[PDB]
Structure formats: C-alpha cells, structure tokens
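Working through the structure, step by step
Here's the letter readout for the chains.
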Amino acid sequence: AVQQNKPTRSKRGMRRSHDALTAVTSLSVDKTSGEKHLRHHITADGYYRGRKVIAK
Amino acid sequence: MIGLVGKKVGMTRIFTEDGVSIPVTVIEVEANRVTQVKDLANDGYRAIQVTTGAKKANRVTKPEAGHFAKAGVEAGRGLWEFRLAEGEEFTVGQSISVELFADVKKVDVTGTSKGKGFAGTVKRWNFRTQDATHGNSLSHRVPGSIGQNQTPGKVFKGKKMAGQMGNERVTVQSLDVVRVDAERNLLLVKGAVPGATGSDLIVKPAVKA
Amino acid sequence: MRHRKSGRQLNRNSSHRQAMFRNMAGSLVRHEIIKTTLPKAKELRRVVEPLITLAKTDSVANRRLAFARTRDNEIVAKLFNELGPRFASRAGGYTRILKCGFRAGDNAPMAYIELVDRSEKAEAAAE
Amino acid sequence: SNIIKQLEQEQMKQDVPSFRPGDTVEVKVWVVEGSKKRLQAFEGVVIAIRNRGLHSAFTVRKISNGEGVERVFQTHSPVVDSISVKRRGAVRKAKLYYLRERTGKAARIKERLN
Amino acid sequence: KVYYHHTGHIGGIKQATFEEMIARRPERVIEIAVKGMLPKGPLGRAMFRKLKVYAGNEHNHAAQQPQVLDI
Amino acid sequence: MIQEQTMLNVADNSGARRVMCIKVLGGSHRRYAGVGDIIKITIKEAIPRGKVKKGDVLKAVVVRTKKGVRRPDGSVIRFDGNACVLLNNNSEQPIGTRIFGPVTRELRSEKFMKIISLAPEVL
RNA sequence: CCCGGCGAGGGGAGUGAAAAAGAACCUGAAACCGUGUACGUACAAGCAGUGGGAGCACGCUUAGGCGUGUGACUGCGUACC
RNA sequence: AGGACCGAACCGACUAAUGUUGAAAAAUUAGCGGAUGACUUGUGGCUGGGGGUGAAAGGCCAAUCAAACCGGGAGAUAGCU
RNA sequence: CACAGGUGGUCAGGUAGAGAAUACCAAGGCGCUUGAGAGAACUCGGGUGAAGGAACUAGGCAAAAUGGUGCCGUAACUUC
RNA sequence: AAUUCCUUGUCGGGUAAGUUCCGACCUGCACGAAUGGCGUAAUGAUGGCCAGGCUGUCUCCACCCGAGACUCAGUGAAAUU
RNA sequence: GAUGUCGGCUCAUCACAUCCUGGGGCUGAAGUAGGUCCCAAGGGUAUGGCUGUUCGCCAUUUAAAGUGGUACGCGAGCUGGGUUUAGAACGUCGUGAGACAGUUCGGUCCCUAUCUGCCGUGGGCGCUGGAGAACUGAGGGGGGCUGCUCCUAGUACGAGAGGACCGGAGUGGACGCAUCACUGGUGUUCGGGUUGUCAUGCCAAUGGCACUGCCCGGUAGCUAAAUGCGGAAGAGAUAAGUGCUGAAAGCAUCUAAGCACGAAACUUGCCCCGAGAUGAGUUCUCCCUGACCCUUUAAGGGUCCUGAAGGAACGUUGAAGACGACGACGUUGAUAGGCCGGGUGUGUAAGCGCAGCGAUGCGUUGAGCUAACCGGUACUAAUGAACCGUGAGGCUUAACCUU
C-alpha cells in the first residue's frame, strides 16, 4: 500500500528479532578423530563412521 | 454409554444377495484395555481412560508408559478418555468390542479431524474463481470483498477467510451401521470417516435424541 | 496435503529430470563416488539400483532388455561386465547415501553417493 | 493394520478366465427390478482389461444395434448366472474406439490364428 | 431486562432474559450489575479482580475466617 | 441439464433431432441435474405429424446420459450421447408411442408406463 | 612483528609536544545504526505529556527526611503551523 | 502483367493474452494484414516554432507535440496563494 | 545496462516435406549468470479434462477450433 | 435509421428469448435529393444479427508441472514520511 | 493540497415494516379455503434472453418469487459498453467556429499492506516443586430452511360434493460437513500406441529431442460432476391468545393480588473452539530427598559436588503441514531407498522357432516391465555425546500431624 508516518525504531527491532539466527545447542567433536565435527553429518575428511565424503 | 476407538483401515463397495452394492467404510474394532477408572472418590471428577491399541514405542515418555503399566500393559499408541454414567467401571480386562454395535442402528462417528494441509482461500468454502477471461487485472481467481464501508468501519466476526484446518473434531452424525462382524472384528458403516487412512477415529453409539 | 506418497520432483520439467539424471547416472558408473544435493542423491540411488538388479547374473536377453530401458552404451557396459559379478553377492543396497553436510558456495544441504562395496579410499584431502 | 492391499487379493475371484482385449464373451444376468425376477443376456466385445479386486467386472461394449453403449456387469454379483469366454482376438490396446458406431459385423470378431 | 450484546454474528440483537441468567449460571445478573459501576479501562479491571461470587451457595471460604457484613 | 439451456437428443416420434432443457424440476436454486432427474424441455425442432410443434414447452425424463446412469451396484450403462423422452406438459406419461435404440434396466418405474408396456422385451 | 583472498583492515614495536595530530590525518554537534550499563516491561489499553508514587542502583544521604537517574501502579488529559 | 490473392524472410500492429514500482520510450508471445507495391529502403541532401512539413489526426518536428530548445526583456504582471 | 527494443548489404549445407513453411540438423553460434529445496494461498507461464458447448460478459477472450497435397463435387448474386 | 420526444415505433417471424436482427406499414422526432439521395458486384484486421462446429470463459471446478511467493545463503530498492 | 460514476459479476453485512413455514384472535367464516389478523430476525430465499439499463418485456422454476440501508456497499477486487470525455460521424441548430445529460464505432482503471480489523498460526511467561498424559466448562460460534405423499383423517362439520393440525415415516431440493471405495477427473516419480530426423560402425532391435513432441490407457493420493448425511424428541422462559378465580361495577372481566395452558424466535437440548477463568484449573501418570560462605532477604549473590523424570537442537523422515507447531524415530532402530512376498496398471519385451516377398502375426511365454500402497528383510544410512532441566519446593487463617 503506502504508510501514514515514519515509524519508531523499537518497531524495526521487534520485526526482525524473532527472525534472528537461532542456537546450535552447543557443538560436537569426534569420537574417532583429532578432527572437529559437524553434528549428525560427516566431516570433509569423512570421519563419522568412516568411509569418505567430499573428495574435493 | 461410552465410545469405541477404531482404526480407518478398509473401504469396500460390498454386495448383497439381490444384486445391490453398498459403499461402506470398514473400521477394525479393537478391544478396550481400561487404565484405572478415575472416579469421584477424588474431587467431583468422573471419567474412564482406555487404550484400544499398541505401538513399537521405543521413545515414549515415562508419564505415558505408567498409564499403560497400570493398564493392559501393551506399550500403547495413546490415551483416550470418555465420561461415564450409571456407576464406576471394572478396571481390568473389560474388553468392550463388537458386542456394543449389535443393537446400535445408527452411530455418530467423532473423528480426529481431517488433515487436508492448507485448505484456505476459495477451496475450503467452495466459492467461485473470478472469470479467467476478459483480461482482468492480476485476477484469474479472487474471493470477493469481505466487508462494506466506513458506516460500520469493521469486519464482522465468523466470516469465511483463508487459514488452515487446524485438526479439530468433525462429527459426520447419524450414519447407519450396515453390519457388525465378529471374529474378523470389522464394523461396516454406510457413511465416511474423517481423515486419511491409517488415522485413528472414535466410532461411538449416536449422541442425539 | 500430499498424504500417502513418496519421492521427489526437484527443480524442473520431466525432459530436464531425464537429461540431468542421464548426466549423473553416467558419472556414477565411471567414478564410483559422487557428491550432490540431498533430495537429488536419493533420486539418483533410486534410478541406478534396479538396473543393477537386472544385471546381477550375466545374461544376453537381460542385456538386450537393459539396452531398451536405458539405451546408453556406458551404462550397459558397466553393468554385466564389470558390475554384474561385483554385485552378484548382494540382494539390494547396492549403493548408499551419506548425509555429507552443508554446501560452501551457498549453504545447500548435500548427500554423497558411494557404491556398497567401495572400500579402499584415501583420507587425506586434494586441491 | 496389515489387511490393506491384501483385501483386493482376498475378495478377488479365482475362476476368472485369462484374457486379452478384443475377446468377445457373453454375460447372462438378471434384470434385478423392484420385486420381480426376469432374465436377459448381453453380447458384444470386451474393450478393456478388468481385474479390479471386489468391484471387478466384465466391461462389454454391445454394438449390436442402434447407437453405441458400454455395459459394466459385476463379476462378484450374486445374480450373475453364467460367463462364457468364446472368441479370442488381438487388439494390443486398452481402447477400441473406431468400432463404437459400426454395429454391422461388429459382435462376431474373429479368432486370431497363425 | 434482556442484557443487550452484539459479539459479532447474525442479523439482529441477541439476548437473554434476567430469568434464564439467574436460574442457570446465576453469577452473571449481579456480575454485569456491578460491572458498569467501575471506571473505564485500567482502574476498572483493577477494582473488579478482588470479587468472587461463584455459582451460588457453594463457597469454599471456611478457613480464612470471613468477617460477616450486612447490607 | 448440467448448464442452463443444453440441447440433448429426441428419442421418440414427438419431435426431430434435438430438444432443449430450459430448467430442472424437483427443486430450485439448482444449476446441474442428477441421474434420476425430471427436466423441463422446449421443443427446438418438431416434426409435422409428431405429437408437438416448434416453441412448445413440456416436461421430460432422461433415457440416456452420455456420462452414464446408475443405481443398483453404482455401475453405469454408459451411452454415446445424451437423450430425453418427452412427457405431457402437466399430466405425465410419454406422448410418443415408441422408444428408439437401447434402454437401461433402471427404467422399471411408474413414470415410463407408455414405452416399457410394449411387448418386445422388458415389461 | 601477527591474521590474509598475491587483498582489505586493525593491533603489536618504534616516531612526535601531540597520532585521544597515522596519512579520507585540523577541534567537533545533530540525524543515523550499533556497543556498554542501571532501572522498568506477562490485571496487559488512545498526542505518549502532566499530577501522585512503591521500588532499585549509584552519591559515605554531611543518616538528619536529601541528590541523581529510572519507575510497577494510578487521578487528569484531543499535536504544532 | 497486375495499386489481385495464401504466405514465410522483410515491414507494420486491427484484436486477444501478458507487461501495468516493464526485458521494451507498447515491447513481447499468439490470432492478423501488406510482402512485384500508392511497397521495402541504405547512402548523400533540404525547410526552423503559431515556422515549417501533413493522401487530414488541429498529425509530426532529437525518446515527446492543440505550440520544440536556449540566451535577453524579467524580480513580466497576479484586484492572488 | 553484457537492456528480449530498433537497424541496411552479401554468401547460401543436410533428411523427411510442397519451398528460404515446418520437426530435427552439418559447420558455427551459444546457455540472455542468482542458485539449490518445498510444491501454501496467489501471481505469471505450460499440461489435461466428465457431461454440456459461451449457457461467462456490455463483447467468443488468443487459450480451442479451421488449415496441408491429391481427387470427387459445387449456390444466390455478379460488372460472368 | 449511425437519425425517432414517446417507444424498447407498430405488426409479422426465428425464440426460454427478441430494446438488438430481418420483411412490410406510418399513428412520419427534427429524414429528404452533391455536409447529396436510391441500388450493387468485388473489397475491410470495419459494425450489428442468424444456425451448426469447437473449445475450462462459464455451469462447477479437480489434479499435475515451473519461475516468484514460501525455505536457506547473497545483495537490497519504492510509493511514502 | 478531492469520498472516483452507472448496469453486471464476485464476496457479503446489518433494520423488520417477514417472501415463507410455524403458534393464534375476528369473520356478513358451517367445514375446507380465502378475507381480516397479531407474534417473530432464527433459516432457506431460483435461472436464460434481448438493452450500456436502473426501470421493461417474455420463456421457465420454486410452497414462495420480499421490503430497506451500506462514498447510488464493495476498481489500495473485477469491466471500458454508456455520457460529458478529447477522434469519426448521424440527427439538430447556427454566416461560422462549435454544442447537445439524443446518438452509434473501439479506445490507457494505478499502489510489493506501516498501523487497524478478520481468520489461521508460532514464540515467551503466571499455572505455585517440576515434567508429561488425559481433561472439566467461565466464555463465544455452527445448525435452525423446505416440497412430496403415506399415516394422522373422508372425521367433527355440511343439504351434498368436499373436509384440518401436531407426531411418525419413507423420499426430493437447497445449505453445511466429512470421504475416495463406487463413478467420472487428474496423476511431469508406470505401461502401450505413433510422426519425424538425429544416434548406437551397419541390419533386426531401441532410444535422445520436438508443449510431459502427440495420443490412449494408469497405481496410491487428492477431488465433485460422485459419496454418506445433520437439519432432533424433549425441557425451560414466554409472546400473541383462550382462560379460570377476582376488584373498579355484590357479578362479569388475560390483572390488580392468585394460578392451568400457550411458536421454529429467545434460554437450550444436537454439533464445534475453550483455564489469560490472574477467580490463575482440576484429575491422572512419573520423577528429583549432597554441601559451605554472606547480604540486599516469602529473596538474591558466590562456590564446590552435581542435575532425575522431561526438553530441544540435531538426523533420517511422516498416514502432520506456508513457516512452524504436530508426528514415527536414530542400531534400544521397519524412519526411508533398495530388495523379497503381494496388491492394483498394462497387454504378452527383445532374442529364438514358424508362415509370408514383406509390413506383420503366431508358439517359445500368458511374456516383460511397474510409482507413491501392505507386510518382511539391518542389505543400507541415521558416530556417539554435549547441552537446558538439579538435590523435595511461599506467606497468613482454619483442619490434621506427639500440635
């Protein structure tokens, strides 16, 4: 549409506050390496239950 | 009298001897395992907690499980409750099943509602879609104006607009039991049951005078 | 709504699905090992395993058959000659999908596809 | 439960003849009515494959006289008296449409031979 | 005395006689009798939340030792 | 018929070619007919030695529907076209003495006593 | 001398009276967005102000009814040109 | 042969769908007509604002046309906001 | 603007087809740079439709339908 | 009537119709002979009416697919105030 | 320094002065029916044409064809036909230029929603120790319509023809809900048929691409055109209205004291959302019973030991759905892809034998290929953890606890 007046700065903050980036609930490191992890995914060197991923 | 928690399981057009078929919906009646019978010993509160079924149930909470523990001890699908009348129930092995529907002519059916995703604008309320020719301005489908003017300066309550289903209850009301079938333990109803297949239902003896 | 379904449609029309899946199913049979998007890796898994099934015992009538469903000369050579006797000892689960992590170029969620009996590999990186 | 899709195979009759499209058949049936039994029979060509669990039926197209009709007689129906296979032709289709309007030499289709 | 409202639906006023309101759910005749005696928004909500009526002759207030008051 | 107007076919000797539904009977605030419905027809054709003439308004009943018509098992006898046997404009029964082409086995009712009382089959 | 894209930017060590003059370098408001602290916000309501005010931090309250800033609650209350 | 015709390339735009804070200075996609003609059209040349130029719309004149652009009169005047 | 806008000349390949229509295509050009996922309303584009056949609307509004080559056959009117 | 205050002329005719269309008639708005009249073949992307085709425009709307919307990452306006 | 139009469509909303059923008085009403006639806003309240049409006429439904208002409801929804409205031109009129609320032809309708409503939906907190499960009803809505005939009922009444209402019932219509077996629809995760060029070195065979090239069939899902089905007996408070008993007026009198009856409306009964109901919820099921220093103190500050039941992220993913929330669940594993048995599609792959010059058919083979559904199968992939949640949980009156 359009708008009535220039809006207050407290309004801008409320509208983007719930859309703000959400917690990871801490992180993981491996049972099986001195490699650091990403949780319930596999690392760049393939360590989780071995095999291999990301041969880049 | 109480209800029977079913499963929507089966749909059949079945034949009769005169060459006429009946579209029917087929519900396996499972037996009730009673839990405790909550009664007015404690407060004025009176109702019966029943589990007609089981689950694999490897992640279930201790608070669900102790209801099944005092129960028929079957790692239950879930808790259904019914108000009661005409004295307390017997708390173990009652097993109300197909014998309930031998004299029930018509049943109500009280679902677990209907599970149709979005519903929303035009589809849920069956309105028209605005003409799709005449070169209408950003419009091959539109619901139509929802209020009037400044004179009231509002939108009245209960108007049909947008939104999801929200999975409430749904009573279809008064559809005929066609047959009840012992040993196979199937209740054939003449009308439809709410939701997709593999969902739960209440199939209860009719509520209305 | 979409109740009582399975599988996935991804990013474009059926001529696109056939030609992308023909690119990728030909790349798998030469390289053994791929990385792709998660939705996409499942559909890739689902295209190649039944072909593997058909090719599980060597057989000319099933090789004529295979040429009729998949008229590609790479896919039918890798089946039967190299890959029939490899998978002769399996009944399903000829390949696995590995949930590999997020994409660096944007953030896209990925999964890797890796033949079942693929088993010697380096654990070092390359650039 | 475990009954779903098994119930199509349980209901399905076993005395049902083997088939391909262009087979002619004949259905003897009742007229059914409100209180009265009369009979009738129907012949023509069967235009399409059946096998539909409980509701499974012989789908004759009559094309004997007058303007065109498809009639669906239910296999699983208690009033259905007799079902002969007769002549067995090849068509290689789910539908027959070019014979809809022609009723002249139309319900007597040939054996297919060598 | 028919307790006028228009919550949002259907052509017409909707209504209830004082007699339905005292014989069934009896609290409400006295409830919407003191309501209009308190001021506007904030102070009028703050005055109201101290009162209870319940249904009638079914009170739980034995243990506090209530001071009797005649009107 | 299903839309307002709708020509469907003469099936008796009262007219020629096609005849037009102007309305459905047996209720109102209706747009579309069921299988068993009684129609109000205008004669858009006529034949000079038929029972009726061009612009006559009469009642009628369904004798074929191209979708098909059903009752006992839900099975259709499904036809190559829609068709309607004209009735009398208030006093019921057909006006025409003959049916042409097939019939259903749904037709055994009080309202078709002109045409099902003939001797060849189906009384 | 440290991190790095063969980069940007800043810190560390040293210059100067001064870099709280570091190169877009003079001293530096107001809009502007962000950091940091105290107190407040889930009997919650319209020119956002006024009149009354629990509470709480800080000033040793010069303890002698005080200062500061804020403030649940709540009478009253319609912008300027 | 043809100010004939169906029709691409080549030109336009009667209509329809779309675009409507556009991919485009009405273009696009699709129906449509012209396309051996009073056509299509490159190159070079010419008239200058109530003035030209118009098989006519008071049309077109550097994205445009019932009055193009700029330097001076000029701080036009306003019984006016 | 790496803007689907606008813009003259020449050269002149294949199969099927009636040719420079038209599907594909040799040589060549070239991916008109957000991507990947879901698959809500709805917005634009594209598919498909029972039964009806504009009944929609002031108005048939593309979208649907007609069409091409050979042959048989052919009206009022007419300046033949 | 490209024309008519009344009127949607009147009457005949097709029809669910009939202001529109087509024939006669005039109880004739303000028609009427180069701002010309009667009539016609061919012609128009030109206008109104007729019967059949065909078709999701509609009766009455269902399901499928893609780009936005919606999900994540990037960059990041505007009408207004 | 602007609220911007007619007719029509969509979507509605409120006043009852009710279109109608329903209750009931009068009647110059015998009964029936009508005229007369009060209550009542609850519910349903039709469609094609011509015209730019409000208004008109006609054909038809319906038991029936209503009344009034909304910036002449509703272009920050939809039209560009109309008239003024740019051009043209008719009719008219004026020396003319140019006009007309007479007129015909097509002709630019804009905005991504800040605050506000509405309906759906998440996050956060009080719920009195916590957690999880079921759940009660302060409070507010859905439905409430209506033809048909059968009984009721040929009966009172009337000279005779004739002749009613509630309740029951089957059945149609609208309206509202759910549904996908049936019948249609579609089904870009399946088969087959088919034009063409291009391709596997060639042929037989088969396939990329041309709208998913076209065309037909299609599993499971979803869906209406198809399916089932509410619209309720009763109750209370009555209205209009018949009253009884009874005063003005020794009686009589719906009224005043007293009291029987009296409609779908209204309070409900049948249906659905609901503890923010701060008055803060109940009931059910589970679980945690180590310690010190101090001040501001039904409390907070610090620290070690130490956190159960539960939670969420995360992860595969669903019979749940914009996003979420909801849900199965991570080897304790059938969550999902393959795969094995089976469903339901389709129509007997290609090769080989054989007739035929072949296209092609036919035995080999009832072939082959097959998606979402069902049950198995660890074959396969969901490393294990960490983390948020903690050590028994208010004041004060009454009751109980040796109290």
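Residues numbered from 1 in each chain as written, not as in the entry; some residues may be left out. Chains lettered and ligands numbered in written order. Part of a larger assembly, values for the part shown. Heavy atoms only, no water.

Its PDB record attributes the structure to cryo-EM, giving the resolution as 12.1 Å.

Named according to the PDB entry, chain D is 50S ribosomal protein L19 originating from Escherichia coli. This entry appears in the Protein Data Bank under the title "Structural characterization of mRNA-tRNA translocation intermediates (50S ribosome of class2 of the six classes)". Per UniProt, chain D carries the Sequence similarities text "Belongs to the bacterial ribosomal protein bL19 family." (UniProt positions renumbered as here; feature names shortened; annotations may be inferred.)

As recorded in the PDB entry, chain A goes by 50S ribosomal protein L32 and comes from Escherichia coli. Under the UniProt heading Sequence similarities, the note attached to chain A is "Belongs to the bacterial ribosomal protein bL32 family."

Some words on the protein's contact with RNA strand J
If you check the shell around RNA strand J, you find 34 residues, and the closest are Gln 3 and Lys 6 of chain A, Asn 11 of chain C together with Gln 3 and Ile 22 of chain F. Backbone atoms, meaning sugar and phosphate, form 76% of the atoms of RNA strand J found within 4 Å of the protein. Take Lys 6 of chain A: an N or O atom from its main chain is 2.9 Å from a sugar or linking oxygen of RNA strand J. Here the surface near RNA strand J gets three residues from one element, more than from any other, and that element is strand β2 (residues 18–24) of chain F. Partitioning the surface near RNA strand J into residue classes produces nine nonpolar, twelve polar and 13 charged. (Near = heavy atom within 4 Å. Polar contact = N/O pair within 3.5 Å; in protein donor to acceptor, adjacent residues only side chain to side chain. Helix = DSSP H or I, 4+ residues; strand = E, 2+ residues; numbered from the N terminus. Nonpolar A, V, L, I, M, F, W, Y, C, P; charged D, E, K, R; others polar.)

Looking at the arrangement of the chains
Of all seven pairs of chains that touch, the greatest number of contacts is found between chains D and F. Looking at chain C next to chain E, you find no contact at all, with the nearest C-alpha pair sitting 31 Å apart. (Contact = heavy atoms within 4.5 Å.)

Looking at the packing of aromatic side chains
Taken as a whole and judged by the stated rule, the model has two aromatic pairs over all chains. Ring centres of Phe 42 of chain D and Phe 73 of chain D lie 5.3 Å apart, and the angle between their planes is 20 degrees; this geometry places the pair in the stacked category. Of this pair, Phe 42 of chain D sits in strand β2 (residues 39–43) while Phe 73 of chain D sits in strand β5 (residues 69–74), and the two are 31 residues apart along the sequence. When sorted by exposure, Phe 42 of chain D lands in the same class as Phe 73 of chain D, which is buried. Over the ring of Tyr 45 of chain B we find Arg 83 of chain B; its NZ or CZ atom is 5.7 Å from the centre of that ring. The ring of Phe 19 of chain D has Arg 50 of chain D sitting right over it, with the charged end atom 4.6 Å from the ring centre. (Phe/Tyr/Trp six-rings, centres within 6.5 Å; stacked < 30°, edge-to-face > 60°. Buried < 20%, exposed > 50% of the residue type's maximum accessible area, 1.4 Å probe, protein only. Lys NZ or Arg CZ within 6 Å of the ring centre and 35° of its normal.)

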